[PDB]
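Written below as structure tokens is the structure these notes are about.
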Amino acid sequence: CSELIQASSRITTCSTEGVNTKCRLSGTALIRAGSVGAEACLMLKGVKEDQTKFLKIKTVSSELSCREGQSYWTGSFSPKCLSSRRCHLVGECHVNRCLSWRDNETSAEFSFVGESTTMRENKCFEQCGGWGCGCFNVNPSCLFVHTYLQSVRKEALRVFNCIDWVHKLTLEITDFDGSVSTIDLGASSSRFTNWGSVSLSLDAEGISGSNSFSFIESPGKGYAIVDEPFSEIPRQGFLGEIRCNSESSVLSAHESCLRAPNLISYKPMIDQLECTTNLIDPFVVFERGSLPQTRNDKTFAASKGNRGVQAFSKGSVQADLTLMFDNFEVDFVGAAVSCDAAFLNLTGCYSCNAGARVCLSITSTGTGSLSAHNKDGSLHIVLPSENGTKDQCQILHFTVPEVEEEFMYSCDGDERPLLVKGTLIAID
């Protein structure tokens, strides 16, 4: 019992029938849910100190299934650039046409590649002029450049965060009687039980800093958590600095795919050129986050079967439990104790509605009941015995002025002789 609460006296009402007593739970109790794998017990206190019962609430697992939100695609890519230098005032290499380049216009130096639906950009770097650079004009030449992006791997990866995290709580209930059942509780769910019902008063379980966590999916392999929330806009130096709509778009490096600006660095060396990119290899990021992980006290594992993403608590659970009790009865008390009884007096009348009052002196070591039948089996007696000596009395109906009846009393079940006797009186 990781967390123990005693059953309040306010919701509890009990009554003694001798020997044992039955208490009736009627009310509502609020208890902190036990940690993962632990129990959250409710101790029922009876009239005696030795009378105790337990309602044990084991926590099987706290599952947080993900409802996915924003999502982009990505893959590996490599830059390849094409270069063709022309001296000043040659071709497109005129007064200011170089430095005033536009990234979307393909140069006439590259009017042979044909049509491309691939991500691409255009540059123009001014190199040294003069006869030292094979140009008649001392003015700067123009190294026209046509670069694009091609996919490295023939596979893509889907990225996403989670708009919402649905909490399912599996519990194993052990009733007071010992019967066991297993249910599942959502934040607004209300399950019924043998003793009443149960629901979640308060559910705070969820991913703290879900706005500081994102996730990746490799189709048909698994998932991966990134130590960083979702980037809704392509940021350079991050996962998804380049992103597309579909898988095929990533594989095709199609020009519809978005990308951050200035991803490709250039080293224009006269006629030579080296275009490079320092991209975040998303296939490395996935391996680092190969699905089984631990952040905070949550172990992120994949959905058994139909693939999705779930989180499992490891320790404490931030949720209250409403235990509604609908006058549910629970028993049981101690064994019956042997009882010594002696006849005191028989005072009363015969055949009258008032009847006769018989008194006995009963002695026991615990609260009990005394049961005595007469030889005829016509009249029987029931009186409470107690931890000590007490004088009990009830009503007994006779029909003969001279009484001398031998009974057989027993608290523990072993009949023992007692002789009642008395002179009954008339009423008229």
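If I ask for residues that are part of a loop (DSSP other than H, G, I, E, B), within 23 Å of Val138 (Cα to Cα), in contact (Cβ under 8 Å) with a residue 12 or more places away in the chain and polar (S, T, N, Q), which ones from the range 77-112 would you list?
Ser107
What do you reckon, is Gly186 farther than 30 Å from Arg85 by Cβ, of a type outside the set (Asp, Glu) and free of Cβ contacts under 8 Å to residues at least 40 places away in the same chain?
yes
Look through the range 391-420, keep the residues that are closer than 19 Å to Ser338 by Cβ and touching a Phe, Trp or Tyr at 6+ places or on another chain (Cβ under 6 Å), and return whichever of them is surrounded by the most Cβ atoms within 10 Å (Cβ to Cβ).
Ranking the candidates gives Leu418 first.
For the structure I just gave you, tell me whether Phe215 is touching a residue at least 60 places away in the same chain (Cβ under 8 Å) and within 21 Å of the chain's Cα centre (by Cα). Talk me through it step by step, then tell me what you get.
Values: touching a residue at least 60 places away in the same chain (Cβ under 8 Å): yes; within 21 Å of the chain's Cα centre (by Cα): yes.
Yes, satisfied.
I'm trying to understand the selection: among the residues of the range 204-223, which are of a type in the set (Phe, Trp, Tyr) and in contact with a helix residue (DSSP H, G or I) (Cβ under 9 Å, 6 or more places away or on another chain)?
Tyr223
Which strands (runs of 3 or more DSSP E) sit wholly inside the range 160-241 and have at least 3 residues that are of a type outside the set (A, V, I, L, M)?
Where strands (runs of 3 or more DSSP E) fall fully within the range 160-241 and carry at least 3 residues being of a type outside the set (A, V, I, L, M), they are 180-185, 190-192, 196-203, 214-218.
Filter the range 210-250 for residues that are farther than 20 Å from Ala260 by Cα and among the acidic types (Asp, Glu); which is surrounded by the fewest Cβ atoms within 10 Å (Cβ to Cβ)?
Per the criteria, the residue is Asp227.
Within the range 358-428, considering only strands (runs of 3 or more DSSP E) that don't extend past its boundaries, which have at least 2 residues that are of a type in the set (D, E, K, R) and free of Cβ contacts under 8 Å to residues at least 60 places away in the same chain?
388-396, 402-410
So the check is Cβ under 7 Å with 6+ separation or different chains; which pairs have a first residue in the range 1-25 that's without any contact (Cβ under 8 Å) to a residue 40 or more places away in the chain and a second one that's surrounded by 15 or more Cβ atoms within 10 Å (Cβ to Cβ) and assigned to a loop (DSSP other than H, G, I, E, B)?
Close Cβ pairs (under 7 Å, with a partner that is surrounded by 15 or more Cβ atoms within 10 Å (Cβ to Cβ) and assigned to a loop (DSSP other than H, G, I, E, B)) amount to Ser2/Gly34; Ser2/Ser35; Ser2/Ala38; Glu3/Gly34; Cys14/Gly46.
Please go through the range 251-297 and give me each residue that is under 30 Å from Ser316 (Cβ atoms) and surrounded by fewer than 15 Cβ atoms within 10 Å (Cβ to Cβ), ordered by number.
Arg288, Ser290, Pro292, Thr294, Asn296
Among (1) surrounded by fewer than 20 Cβ atoms within 10 Å (Cβ to Cβ); (2) of a type in the set (S, T, N, Q); (3) farther than 30 Å from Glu217 by Cα, which single condition is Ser107 missing?
All conditions pass for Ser107, except number (1).
Go through (1) out of contact with any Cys (no Cβ under 6 Å at 6 or more places or on another chain); (2) in a strand (DSSP E or B); (3) of a type outside the set (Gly, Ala, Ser) and name the single condition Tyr266 misses.
Tallying (1) out of contact with any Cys (no Cβ under 6 Å at 6 or more places or on another chain); (2) in a strand (DSSP E or B); (3) of a type outside the set (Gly, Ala, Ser), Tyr266 fails exactly one: (1).
Inside the range 7-51, can you point out the residues that are within 25 Å of the chain's Cα centre (by Cα) and either surrounded by fewer than 18 Cβ atoms within 10 Å (Cβ to Cβ) or not small (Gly, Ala, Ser) (or both)? Walk me through it before giving the result.
First, the residues of the range 7-51 that are within 25 Å of the chain's Cα centre (by Cα): 28-43.
Once the filter is applied, which keeps residues that are within 25 Å of the chain's Cα centre (by Cα) and either surrounded by fewer than 18 Cβ atoms within 10 Å (Cβ to Cβ) or not small (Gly, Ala, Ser) (or both), the range 7-51 yields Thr28, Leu30, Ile31, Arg32, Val36, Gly37, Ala38, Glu39, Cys41, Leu42, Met43.
Would you tally the residues in the range 369-390 being surrounded by 12 or more Cβ atoms within 10 Å (Cβ to Cβ), within 60 Å of the chain's Cα centre (by Cα) and more than 17 Å from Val337 (Cα to Cα)?
1
Would you check which residues across the range 338-362 are surrounded by 16 or more Cβ atoms within 10 Å (Cβ to Cβ) and β-branched (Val, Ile, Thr) and list them?
Hits for the range 338-362 are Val358, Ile362.
Each reported figure results from applying straightforward, stated rules to the coordinates on display, with no laboratory input. Don't worry about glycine lacking a Cβ; one is built from the backbone with ideal geometry, like all the others, and counts go over all protein chains shown.
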